[PDB]
Structures are given as C-alpha cells and as structure tokens.
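Number of protein chains: 4
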Amino acid sequence: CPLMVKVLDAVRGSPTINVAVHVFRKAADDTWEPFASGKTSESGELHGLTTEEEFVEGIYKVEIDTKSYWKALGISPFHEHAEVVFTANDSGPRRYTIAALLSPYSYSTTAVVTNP
Amino acid sequence: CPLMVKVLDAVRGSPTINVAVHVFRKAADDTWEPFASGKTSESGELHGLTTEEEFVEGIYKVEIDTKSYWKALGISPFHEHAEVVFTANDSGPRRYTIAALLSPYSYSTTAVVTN
Amino acid sequence: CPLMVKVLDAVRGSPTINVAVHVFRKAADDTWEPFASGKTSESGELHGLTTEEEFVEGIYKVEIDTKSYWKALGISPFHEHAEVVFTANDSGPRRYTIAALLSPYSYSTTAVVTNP
Amino acid sequence: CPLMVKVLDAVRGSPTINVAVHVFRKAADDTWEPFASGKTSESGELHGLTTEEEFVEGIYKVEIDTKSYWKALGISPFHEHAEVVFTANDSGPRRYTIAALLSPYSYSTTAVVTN
Numbered sequence: 010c011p012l013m014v015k016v017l018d019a020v021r022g023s024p025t026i027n028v029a030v031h032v033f034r035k036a037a038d039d040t041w042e043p044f045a046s047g048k049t050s051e052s053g054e055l056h057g058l059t060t061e062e063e064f065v066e067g068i069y070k071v072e073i074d075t076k077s078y079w080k081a082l083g084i085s086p087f088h089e090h091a092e093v094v095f096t097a098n099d100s101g102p103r104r105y106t107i108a109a110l111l112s113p114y115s116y117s118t119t120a121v122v123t124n125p
Numbered sequence: 010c011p012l013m014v015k016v017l018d019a020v021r022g023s024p025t026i027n028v029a030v031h032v033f034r035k036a037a038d039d040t041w042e043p044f045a046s047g048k049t050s051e052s053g054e055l056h057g058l059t060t061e062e063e064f065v066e067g068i069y070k071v072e073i074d075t076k077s078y079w080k081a082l083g084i085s086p087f088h089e090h091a092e093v094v095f096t097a098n099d100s101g102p103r104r105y106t107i108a109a110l111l112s113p114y115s116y117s118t119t120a121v122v123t124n
Numbered sequence: 010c011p012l013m014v015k016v017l018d019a020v021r022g023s024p025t026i027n028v029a030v031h032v033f034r035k036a037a038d039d040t041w042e043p044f045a046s047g048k049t050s051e052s053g054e055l056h057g058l059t060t061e062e063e064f065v066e067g068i069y070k071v072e073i074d075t076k077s078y079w080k081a082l083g084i085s086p087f088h089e090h091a092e093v094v095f096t097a098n099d100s101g102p103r104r105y106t107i108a109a110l111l112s113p114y115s116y117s118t119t120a121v122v123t124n125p
Numbered sequence: 010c011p012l013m014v015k016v017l018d019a020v021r022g023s024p025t026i027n028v029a030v031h032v033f034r035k036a037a038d039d040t041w042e043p044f045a046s047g048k049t050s051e052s053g054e055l056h057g058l059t060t061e062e063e064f065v066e067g068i069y070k071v072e073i074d075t076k077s078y079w080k081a082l083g084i085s086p087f088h089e090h091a092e093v094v095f096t097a098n099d100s101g102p103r104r105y106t107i108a109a110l111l112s113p114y115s116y117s118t119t120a121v122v123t124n
C-alpha cells in the first residue's frame with residue numbers, strides 16, 4: 010500500500026504487462042541493498058511491494074526493466090531501463106505511486122505522493 | 010524570430026521532418042483566424058513564422074498535424090493533432106519556442122520563453 | 010465508464026481537484042457541439058461523462074481548464090487550457106482514459122484505450 | 010561532438026542553467042566509472058563531454074543533478090537526480106542528444122540520435 014509502480018506504453022496506449030521491477034534501498038554503507046521486486050499485472054500496476062513498517066526513511070531506487078519489454082515486441086530501445094531514485098518518508102509516512110510512460114527512445118516518470 | 014516550433018519523435022529518437030504546422034490568432038468574434046503555417050525542417054524546426062511587428066499581444070493557437078506524420082510512418086495514432094493555445098507578450102515581446110515531443114498515444118508540449 | 014479524464018500536478022505530485030472539463034463532439038456540420046462537462050474529484054478524476062449508448066463514433070474534443078487551476082494557486086501559466094482531440098469508437102466501442110500531467114509551462118497528455 | 014545534453018525547466022519555461030551533469034561508463038566488473046562531467050550553459054546545453062575516439066561502444070550512464078537545481082530555486086523536488094542509461098554505438102558511432110524536461114515531481118528524457 011505505501012509503494013505502487015504503474016507502467017504504460019505510449020505507442021499503443023496500453024498498460025504494460027509482466028514488466029520486471031526491482032526496488033533497492035541505499036545502505037548505511039551507501040550500497041544499493043535489494044529491497045523488493047515484482048512484475049506488473051495486466052493493469053500495468055505492481056502492488057504489495059512493502060508495508061508501512063518495513064518502508065522506513067531512506068533513499069530508494071525503483072528500477073523498471075523497460076528494455077526486456079521492448080525487446081519482447083521486437084524493438085531495440087534506447088534506454089537500458091528506467092530508474093527512479095528518491096528520498097522517502099523523511100517527513101513521516103506517505104503513499105507513493107511511481108508511474109512510468111514508455112516509448113522506444115523516451116520515457117517519462119512522475120511521482121504521486123499522498124498523505125494517509 | 011519571435012515564434013519557433015521544434016518537434017521530436019519519441020518512437021524513432023529523431024526530429025520530426027515535414028510535419029505541417031498551422032498558427033492562428035483569436036479574432037474578436039472568438040473564431041480562429043489563420044495566421045501562418047509551414048513544415049518542419051530536417052532538424053524538426055520551423056522558423057520564420059512571423060515578425061515582431063506582426064506578433065502583437067493576443068491569444069494564439071499552434072496546431073501540429075501529428076496524425077499525418079504517424080500515418081506516413083505506418084503507425085496508428087490516437088490524436089487528430091497536437092495543439093497549444095497561449096496568450097502572447099502579455100508583459101512585453103519575448104521569444105517563444107514551442108517544443109513538442111510526440112508518441113502515437115501521448116504528447117507533451119513545452120514553452121521555452123526567453124526575453 | 011467509456012470516458013474518464015484524469016489530471017495531475019507535476020509540481021506538487023498530487024491529483025488536481027475541481028478542474029473544469031468540457032467535452033465536445035464534431036458535428037455533421039463540422040461545428041464543436043457541447044457533449045458533456047464536469048469537474049475533477051479529489052482523486053483528480055472525472056467519471057460519468059457519458060454512456061456506451063451516447064458515445065458513438067465521432068471526433069471528440071476534451072478541453073481541460075488548466076489556466077484557472079494555476080491562477081487559483083497564484084501562477085500565470087503558459088497554456089490557456091489543455092485540449093485533446095481524437096477519433097473515438099471507429100473500430101467499435103472502447104474505454105478511453107484521457108490523462109493530463111500539468112506544469113506551468115508544459116503539459117503532457119496520454120490516452121489509455123482498452124477493449125471491454 | 011558525439012554526446013550532448015540539453016535540459017529544460019517546465020515550471021519556468023526556460024533552459025536549466027548551471028545544472029551539474031556526470032557521465033559514467035560501465036566497467037567490466039559492472040561498476041560505474043566516471044567518464045566526464047560539466048554544467049549546462051545559459052542555453053541549457055552541455056557540449057564537449059567526449060570525443061569520437063574515446064566514445065567507444067559500451068554502456069553509459071548520464072546523471073543530471075536535478076535536486077540541486079530545484080533546491081537553488083526554492084522548490085521542493087521528488088527525485089535525487091534524473092538518469093539515463095543506454096548502450097552506445099551498437100551499430101556504429103552516432104550523435105546522441107539527451108534531452109531532459111524537468112518538473113519537481115516528474116521528468117522525461119528523450120534521445121535524439123542522428124547518423
């Protein structure tokens with residue numbers, strides 16, 4: 010509930026199914042520790058990555074495997090992935106939606122942050 | 010010089026060449042009267058649409074014929090065109106660049122306004 | 010259900026509440042006939058604009074009053090509105106989500122089209 | 010000449026001036042080794058990062074320090090930075106322009122690749 014990822018294909022106007030997503034948290038050592046992973050559903054959404062308790066203050070990285078998505082459609086895209094890095098929960102708990110809009114040579118990402 | 014249009018293709022990663030662009034000025038009776046037009050260059054740009062003398066304050070519309078572009082590439086598009094409607098020079102003349110980034114089912118338009 | 014509009018503020022990362030939306034349909038005469046209107050909810054969404062029966066083949070125009078939104082926040086934005094023009098239902102009935110992402114000098118719009 | 014970065018500010022409608030940009034090359038041990046850096050000009054552009062000789066095939070990362078830009082403007086940002094990771098010249102050398110459009114809670118990056 011605190012962290013959701015949503016992915017859309019701007020060529021077809023359709024959610025992207027089965028796209029891999031990895032989340033990492035920046036370590037006290039400054040390394041990227043694996044934190045959660047999953048794949049998008051038929052709606053293009055990935056829920057259930059974490060809980061309010063586990064999702065503490067930190068720097069988080071959401072890495073979306075956009076290249077495998079395009080390659081499965083026959084396309085050699087520009088980007089290796091889409092990677093979103095942000096500080097979370099530093100003013101207390103929030104709910105974060107990380108959205109990505111994909112084209113072969115472009116991507117856009119927006120964050121919708123709300124207070125529960 | 011006061012108005013320029015620059016268009017990019019997010020599918021191919023290239024400027025959009027030979028895209029038609031039409032510019033209109035809102036008339037007093039709230040209709041759109043045609044004002045200038047052209048086709049983007051090989052750099053995706055359209056210069057020379059108007060002059061400082063002619064580009065007075067008012068409401069302007071820029072229409073980019075995105076549907077014809079995508080049809081020429083054999084790609085099904087969503088929109089009939091991409092539009093930008095804006096008020097010009099409300100606080101003095103400026104240079105306006107209308108930058109458009111095109112995908113078949115999405116577009117963004119940004120104004121880069123320099124004094 | 011066949012037509013939904015969703016609007017987000019890219020400065021704050023938040024849905025835009027109370028934004029006016031007007032829909033028009035291109036006439037047999039080639040005029041823009043008023044078709045439906047409403048305002049976005051606290052989620053930034055506007056539902057219930059039309060029905061499958063009324064929403065026939067045609068060229069439709071969705072006009073979002075982004076300028077009033079910015080002016081209420083003290084900002085003089087570049088665009089007078091955000092206007093999305095598209096052919097609908099020409100290959101049969103579909104569900105359309107028209108999304109807009111707003112900044113004072115920029116907007117993005119994407120269409121998500123699905124088959125029920 | 011082979012790599013250029015261009016950055017626009019969607020809030021103010023201007024190029025982003027004095028934004029730091031760092032470029033890295035993936036090393037064989039899968040770490041990022043620093044390769045070039047600079048600050049955007051008054052046109053929002055950063056030229057001269059590398060040369061055709063040095064810009065060989067491989068995986069490159071471009072980091073744009075968007076957070077520092079927004080902090081300088083007194084605007085709260087979401088992201089730590091904007092990134093682009095790409096494979097270069099897989100089918101020959103090309104000119105790459107990485108165009109980034111920035112808002113405090115959203116960004117887009119587009120590659121304009123010309124031969």
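Sequence order for the protein chains is A, B, A' and B'. A prime marks a further copy of an entry chain. Each residue of the first sequence is one higher than the last, beginning at 10 in the authors' numbering. Each residue of the second sequence is one higher than the last, beginning at 10 in the authors' numbering. Each residue of the third sequence is one higher than the last, beginning at 10 in the authors' numbering. Each residue of the fourth sequence is one higher than the last, beginning at 10 in the authors' numbering. Just so it is clear, CB atoms sit at the ideal spot from N, CA and C, and this is done for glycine as well.
#1: Rounding to the nearest angstrom, what Cα-Cα distance links residue 179(A) and residue 93(B') in this structure?
#2: Using the beta-carbon of each residue, which ones in chain B' are nearer than 8 Å to residue 119(B)?
#3: So residue 115(B') contacts chain A; which residues on that side make the cut at Cβ distance below 9 Å?
#4: Find the nearest neighbour of residue 53(A) within the set 28(A), 69(A), 112(A), 105(A), judged by alpha-carbon distance.
#5: Less than 8 Å between the beta carbons of residue 24(B') and residue 122(B), yes or no?
#6: In whole angstroms, what is the alpha-carbon distance linking residue 65(A') and residue 102(A')?
#7: Cβ of residue 16(A) versus every heavy atom of the ligand SAM: is any distance shorter than 7 Å?
#8: Any C-beta of chain B sitting closer than 8 Å to the C-beta of residue 64(A')?
#9: What is the rounded straight-line gap between the Cα of residue 81(A) and the Cα of residue 98(A')?
#10: Could you confirm whether any beta carbon from chain B is found closer than 8 Å to the beta carbon of residue 89(A')?
#11: According to the neighbour-count rule (16 or more other Cβ atoms, all chains shown, within 10 Å of its Cβ), is residue 56(A) buried or exposed?
#12: Under DSSP, the alpha helix (DSSP H) around residue 81(A') begins and ends at which residues?
#13: What residues in its chain sit with their C-beta under 6 Å from that of residue 31(B), if we drop five residues either side in the sequence?
#14: Could you compute how far the alpha carbon of residue 75(B) sits from the alpha carbon of residue 112(B)?
#15: Between residue 18(A') and the rest of its own chain, which residues show a CB-CB distance below 7 Å, the 5 nearest in sequence each way excluded?
#16: Kindly indicate which residue of 119(B), 63(B), 20(B), 15(B) has the alpha-carbon position closest to the one of residue 51(B).
#17: I'd like the list of long-range same chain contacts for residue 59(A), defined as Cβ closer than 8 Å, with 5 residues on each side in sequence excluded.
#18: Are the C-beta of residue 95(B') and some C-beta of chain A separated by less than 8 Å?
#19: For residue 92(A'), would you say it is in contact with chain B, using Cβ-to-Cβ distances shorter than 8 Å as the test?
#20: According to DSSP, is residue 21(B') helix, strand or coil?
#21: Could you check which residue in 36(A'), 119(A'), 108(A'), 100(A') has the C-alpha nearest to that of residue 125(A')?
#22: Just to confirm my understanding: we take residue 118(A), look at its own chain, exclude 5 residues before and 5 after, and list those with CB closer than 8 Å. What are they?
#23: Out of 95(B'), 49(B'), 115(B'), 68(B'), which has the shortest C-alpha to C-alpha gap to residue 38(B')?
#24: Can you pull the chain B' residues whose beta carbon is under 9 Å from the beta carbon of residue 68(A), in chain order?
Let's see:
#1: No statement about residue 179(A) is possible, as the shown extent of chain A runs from 10 to 125 and does not include it.
#2: 17, 19, 22, 110
#3: Going along chain A in sequence order, the residues near residue 115(B') (Cβ under 9 Å) are 108, 117, 118, 119, 120.
#4: 28(A)
#5: no
#6: So the alpha carbons of these two residues sit roughly 8 Å apart.
#7: With respect to small molecules bound, the structure shown includes none, and the ligand SAM cannot be examined in it.
#8: No, residue 64(A') lies away from the interface with chain B (no Cβ there is under 8 Å from its Cβ).
#9: 29 Å
#10: yes
#11: exposed
#12: Going by DSSP, residue 81(A') is part of the alpha helix (DSSP H) stretching over 75 to 81.
#13: For residue 31(B), same chain residues with a beta-carbon under 6 Å away, outside a window of 5 residues either side, are 46, 72 in chain order.
#14: Take the alpha-carbon of residue 75(B) and the one of residue 112(B): they are about 9 Å apart.
#15: Counting only Cβ-Cβ distances below 7 Å, and skipping sequence neighbours, we find 25, 111.
#16: 15(B)
#17: 11, 12, 32, 44, 45
#18: yes
#19: yes
#20: coil
#21: It is 100(A') whose Cα lies nearest to the Cα of residue 125(A').
#22: 91, 93, 107, 108, 109, 110
#23: 68(B')
#24: 89
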